[PDB]
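Encoded as structure tokens, the structure appears first; notes follow it.
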Amino acid sequence: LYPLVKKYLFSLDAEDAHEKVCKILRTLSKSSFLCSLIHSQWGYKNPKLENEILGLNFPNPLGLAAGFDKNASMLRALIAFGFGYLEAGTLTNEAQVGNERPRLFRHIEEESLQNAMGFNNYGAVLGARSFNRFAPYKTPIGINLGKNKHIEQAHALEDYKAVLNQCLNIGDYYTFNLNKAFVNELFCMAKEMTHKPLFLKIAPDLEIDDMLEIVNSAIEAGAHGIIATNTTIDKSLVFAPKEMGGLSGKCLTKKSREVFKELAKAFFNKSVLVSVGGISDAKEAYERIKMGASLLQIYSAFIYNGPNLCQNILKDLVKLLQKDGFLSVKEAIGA
Ligand SMILES: Cc1cc2nc3c(=O)[nH]c(=O)nc-3n(C[C@H](O)[C@H](O)[C@H](O)COP(=O)(O)O)c2cc1C
């Protein structure tokens, strides 16, 4: 039972626990049989959840958010737990340690996390090797690209070019983890290097007008989709000072929802919208889809719910579609 695994893991430092889980996931990824075994217990397939988006086949709309598999080394095991797709990364051009530890904290009663990890990854060269070790994969795989911490904001566009150039032969889409005057050149540069879908991922703490400016520049430069949101630093909760990083999980549900309503209001008919932040159950996921989200992502609820996360949410989602009159998730994406 996962409750016993959680009691053990939650008694450990949160990053230590994550590394013990990554070690097991990397080991399981070596065995396609054990992955097919995992999928038979925790997978869930339903044609009502299938969609084709930007040339790509998503068998369900529920993806694993970036930051869980930063180095593209356990994708096969994670797919076996039922996600419709995975986003690996954030990957940087060169390896990078990230911020000083401790940098991950749990707020267990609130089913939330707080992190200031800062792009710890082994670099794109190794990340492409690790992707290739077990490729091809049974779902789409996104590659989340970032800028190395030291790369000066002058030759910073040239850093997104180097990491994207190193990842050109892996993955099915790219996410850029993000000034309105720079987003146009980023996606213009990127459009000339690959034909694969391009997404902008935004924080949830932008002023709405400032948010509409940034996003609109991205679309007009050729961005194909917007991912909202990353973690928040607005909720000044007493038990989570700001020096411990951004909040994820259920403490993010409300602001992520609010940000996404505004995003959809301005951009639903002009871009693919992906909702992230504090999705833990099928009702919330179904609300995001009805608000305008073609796809979803989860990080924190995977910690708190465990391997049954996907089939729980997806089974319930099917019943919501059927208790609403939709023959598939494609009809539900409407206002
Ligand atoms: C420990 C941790 C590491 C993360 N690392 C990244 C990352 O490397 N790149 C990224 O774009 N988002 C990263 N995220 C953000 C998640 O992808 C997601 O945007 C956020 O956690 C909100 O979703 P959630 O409420 O389902 O957790 C990270 C989140 C956590 C908790």
Side-chain angles (χ1 to χ4, degrees), residues 14 60-70 83-90 104-108 110-118 142 144 146 175-177 199-206 208 210-212 214-215 218 225-233 240 244-253 256-260 263-268 271-282 284-286 288-305 309-310 312-314 317 333:
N60 73 74
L62 177 52
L64 181 70
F68 190 101
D69 191 349
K70 287 156 167 293
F83 295 104
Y85 72 109
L86 314 177
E87 191 170 301
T90 293
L104 176 55
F105 315 94
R106 316 180 179 94
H107 300 299
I108 292 173
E110 293 73 24
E111 301 184 58
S112 296
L113 307 177
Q114 194 172 4
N115 92 89
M117 304 263 286
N144 185 298
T175 296
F176 289 104
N177 214 25
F199 290 79
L200 173 73
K201 184 175 188 178
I202 64 169
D205 308 310
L206 302 171
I208 287 314
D210 207 74
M211 200 217 70
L212 301 182
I214 299 166
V215 166
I226 305 307
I227 300 173
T229 68
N230 209 317
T231 61
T232 179
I233 53 188
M244 291 157 60
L247 276 176
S248 60
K250 284 197 179 172
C251 288
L252 177 51
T253 306
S256 170
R257 209 185 203 123
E258 289 192 32
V259 169
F260 190 82
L263 182 60
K265 174 154 60 190
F267 297 110
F268 174 73
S271 187
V272 177
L273 301 182
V274 183
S275 183
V276 201
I279 302 162
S280 316
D281 63 4
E284 188 62 30
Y286 189 53
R288 308 299 181 91
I289 287 164
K290 293 206 280 181
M291 293 172 82
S294 303
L295 294 165
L296 316 171
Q297 306 186 346
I298 282 172
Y299 188 122
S300 294
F302 194 38
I303 308 301
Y304 288 103
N305 302 14
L309 173 79
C310 285
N312 284 350
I313 284 174
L314 299 172
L317 189 46
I333 309 196

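Values below: every heavy atom of this structure, side chains too, minus hydrogens, waters and symmetry copies. Numbering starts at 1 and runs along the sequence shown.
Contact check for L273 versus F268: side-chain heavy atoms found under the 4.5 Å cut-off. The closest side-chain heavy-atom distance from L247 to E110 is not below 4.5 Å. Residues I214 and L206 have side chains in contact (heavy-atom distance under 4.5 Å, counting atoms from C-beta outward). Two residues are said to be in side-chain contact when any heavy atoms from C-beta on lie closer than 4.5 Å; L212 and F267 meet this criterion. Side-chain contact between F68 and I303: present, with at least one pair of heavy atoms (C-beta onward) separated by less than 4.5 Å. With a 4.5 Å cut-off on side-chain heavy atoms, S275 and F260 count as touching.
Rounding to the nearest 0.5 Å places CD1 of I226 at 7.0 Å from CD1 of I202. Separation of atoms CE (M244) and CD1 (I233) is listed at 14.5 Å; rounding is to 0.5 Å. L309 CG to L62 CG: the interatomic distance, rounded to the nearest 0.5 Å, is 6.0 Å. Distance check, rounded to the nearest 0.5 Å: CG of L252 to OG1 of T232 gives 6.5 Å. Residue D205 holds its CG atom at 12.0 Å from CG of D210, rounded to the nearest 0.5 Å. In this structure, CG in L295 is found 13.5 Å from CZ in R288, a value given to the nearest 0.5 Å.
Scanning all heavy atoms of the two residues, the minimum distance from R106 to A14 falls at NH2-CA, 3.2 Å. Contact record, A228 with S256: O-OG, 4.4 Å, taken as the closest heavy-atom pair. Smallest separation of non-hydrogen atoms from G246 and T231: CA-OG1, 3.4 Å. Scanning both residues, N305 and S280, for their nearest heavy atoms gives ND2-O, 3.3 Å. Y304 and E111 get closest at one heavy-atom pair: CE1-C, 3.3 Å. Between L317 and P61, the shortest heavy-atom contact is CD2-CG, 4.3 Å.
Remark: side-chain polar atoms of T90 are not paired, donor with acceptor, to backbone N or O of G146 under 3.5 angstrom.
Side chains of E87 and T175: a donor-acceptor N/O pair is present below 3.5 angstrom, by distance only.
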